[PDB]
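To start, the structure under review is shown below, and the notes come after it.
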Amino acid sequence: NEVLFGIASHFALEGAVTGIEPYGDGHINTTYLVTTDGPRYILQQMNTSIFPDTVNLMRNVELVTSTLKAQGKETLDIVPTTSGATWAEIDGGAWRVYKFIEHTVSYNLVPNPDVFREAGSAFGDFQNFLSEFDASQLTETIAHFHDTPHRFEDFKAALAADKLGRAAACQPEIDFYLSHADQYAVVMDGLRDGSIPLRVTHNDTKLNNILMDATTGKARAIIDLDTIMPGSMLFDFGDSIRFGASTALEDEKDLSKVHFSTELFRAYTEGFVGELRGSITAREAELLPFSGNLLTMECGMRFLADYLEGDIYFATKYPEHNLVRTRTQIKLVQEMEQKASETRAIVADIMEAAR
Ligand SMILES: Nc1ncnc2c1ncn2[C@@H]1O[C@H](COP(=O)(O)OP(=O)(O)O)[C@@H](O)[C@H]1O
Ligand SMILES: [Mg+2]
Ligand SMILES: [Mg+2]
């Protein structure tokens, strides 16, 4: 608190500081709530282990937030250092301040389809108002993040190495990913040849990062912009479907409880396409369902790769944790495959309705 107040003094706060306490349930940044005799603020110590290049990350954040503010859209509002920087290095730490976005609630899992539709609307609105932004200006904060062919090379490397001798125990899981190999390059290929628009991508579309109004329930702002990068909005949509349209937790051991919900798929798509109708392309719309397949397979192969490497990337609570996780992702992709007729119809219906 002595140090915290000291850190706070580096920033152009518009109220005398009266308190500073840890805040929120995030686990990458170290997050504090700053109270003043006036407005409130978010103060964060950035994760420089994961994000060593703070200058480039804050440049990305500044570019996107500025575009939104210029257009009168609510977003993260950086509070500058006394020197006019967007962040400060203090005693071997990287710190930044945002205005506290007031009067919101957020979720840690999808409670129901209405909330999921509103999550869809939030990112559709995010995409819509960045549709004119030159996404290529953004640096790749985590290289190859949703480059599924790259992830598959990582997976194959982990399989070849088989450092723990675990491959013997997951042949069906391995064969699932090997057999789908010709599917991984669909979105990367479209970006490279222009058939799929290069857009801003958020890359952590979990609901924790979507603030909704505390009274109306309506989407308010997208936060947690650390992983903002160029890519396809399909990377974001696909991932939201992966975690959000599942009837189960990511590590559900009972696979009979794991299903791909077309109701939740419809809900997100209604919200998302409803805000992005004027910008979304024919090829994009066509790939909405498959984007769910793609990002789910990417995530699943990463879990299985981690299992084979001795669980070095994802936290685990028991020895087979990553294998259990890879299994839910496999189950979800199989249902998405089997429901392709339905989801295609859902998208087509939603597209025409939005007009
Ligand atoms: N500008 C802000 N206004 C209000 N709440 C915020 C703001 N920034 C972050 N939060 C809250 O702090 C939590 C963690 O912050 P976030 O930037 O998502 O960190 P992490 O990268 O660790 O997830 C969020 O889940 C959100 O509830
Ligand atoms: Mg977050
Ligand atoms: Mg984050």
Among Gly292, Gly274, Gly300, which is buried (at least 19 other Cβ atoms within 10 Å of the Cβ), under 21 Å from the mean Cα position of the chain (by Cα), closer than 25 Å to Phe126 by Cβ and among the small types (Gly, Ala, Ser)?
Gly292
Residue ID - nearest to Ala94 (Cα to Cα), chosen from residues in the stretch 8-65 that are within 14 Å of ligand 3 (Cβ to nearest atom) and either of a type in the set (D, E, K, R) or free of Cβ contacts under 8 Å to residues at least 12 places away in the same chain (or both)
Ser49
Would you check which residues across the stretch 136-165 are in a helix (DSSP H, G or I), more than 17 Å from the chain's Cα centre (by Cα) and of a type in the set (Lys, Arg) and list them?
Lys156
Any idea which of (1) surrounded by fewer than 18 Cβ atoms within 10 Å (Cβ to Cβ); (2) hydrophobic (A, V, I, L, M, F, W, C); (3) within 11 Å of ligand 1 (Cβ to nearest atom) is the one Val55 doesn't satisfy?
(3)
Filter result for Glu263 (over 30 Å from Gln44 (Cβ atoms), among the acidic types (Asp, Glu) and surrounded by fewer than 19 Cβ atoms within 10 Å (Cβ to Cβ))
yes
Every pair of residues 6+ apart whose Cβ atoms lie under 8 Å, when the first sits in the stretch 138-159 and is without any contact (Cβ under 8 Å) to a residue 24 or more places away in the chain while the second is assigned to a loop (DSSP other than H, G, I, E, B)
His150/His144
Looking at the stretch 135-149, is at least one residue within 16 Å of ligand 2 (Cβ to nearest atom) and either out of contact with any strand residue (DSSP E or B) (no Cβ under 6 Å at 6 or more places or on another chain) or among the hydrophobic types (A, V, I, L, M, F, W, C) (or both)?
yes
Please state which one of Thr104, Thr148, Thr82, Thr67 is exposed (fewer than 15 other Cβ atoms within 10 Å of the Cβ) and out of contact with any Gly (no Cβ under 9 Å at 6 or more places or on another chain).
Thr82
Among the numbered criteria (1) touching a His at 6+ places or on another chain (Cβ under 7 Å); (2) closer than 28 Å to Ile350 by Cα; (3) away from ligand 3 (no atom under 16 Å from the Cβ), which one does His150 miss?
(2)
Evaluate the following for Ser240: is it polar (S, T, N, Q) and farther than 18 Å from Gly292 by Cα?
no
Residue that is surrounded by the fewest Cβ atoms within 10 Å (Cβ to Cβ) [pool: residues in the stretch 12-37 that are more than 14 Å from ligand 2 (Cβ to nearest atom) and polar (S, T, N, Q)]
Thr18
With criteria (1) closer than 21 Å to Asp154 by Cβ; (2) among the hydrophobic types (A, V, I, L, M, F, W, C); (3) assigned to a helix (DSSP H, G or I), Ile312 comes up short on (3)
Hey, could you check the stretch 228-248 for residues that are among the polar types (S, T, N, Q) and farther than 12 Å from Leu109 by Cβ and say which is surrounded by the most Cβ atoms within 10 Å (Cβ to Cβ)?
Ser240
Could you list, in sequence order, all residues of the stretch 191-213 that are farther than 19 Å from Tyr268 by Cβ and in contact with an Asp or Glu (Cβ under 9 Å, 6 or more places away or on another chain)?
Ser195, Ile196, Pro197, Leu198
Return the residue satisfying two criteria in turn: it lies in the stretch 109-123 and is in contact with a helix residue (DSSP H, G or I) (Cβ under 6 Å, 6 or more places away or on another chain) and among the aliphatic types (A, V, I, L, M), and of such residues it is farthest from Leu225 (Cα to Cα).
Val110
With respect to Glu337, determine if the residue is surrounded by fewer than 24 Cβ atoms within 10 Å (Cβ to Cβ) and closer than 22 Å to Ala119 by Cβ.
no
Kindly check whether there is at least one residue in the stretch 208-229 that is of a type in the set (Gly, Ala, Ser), within 16 Å of ligand 3 (Cβ to nearest atom) and closer than 30 Å to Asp114 by Cβ.
yes
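All of the numbers you see were taken from the coordinates with simple rules; none came from a lab. Every residue, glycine among them, receives a Cβ derived from its backbone with ideal geometry; neighbour counts consider all protein chains shown.
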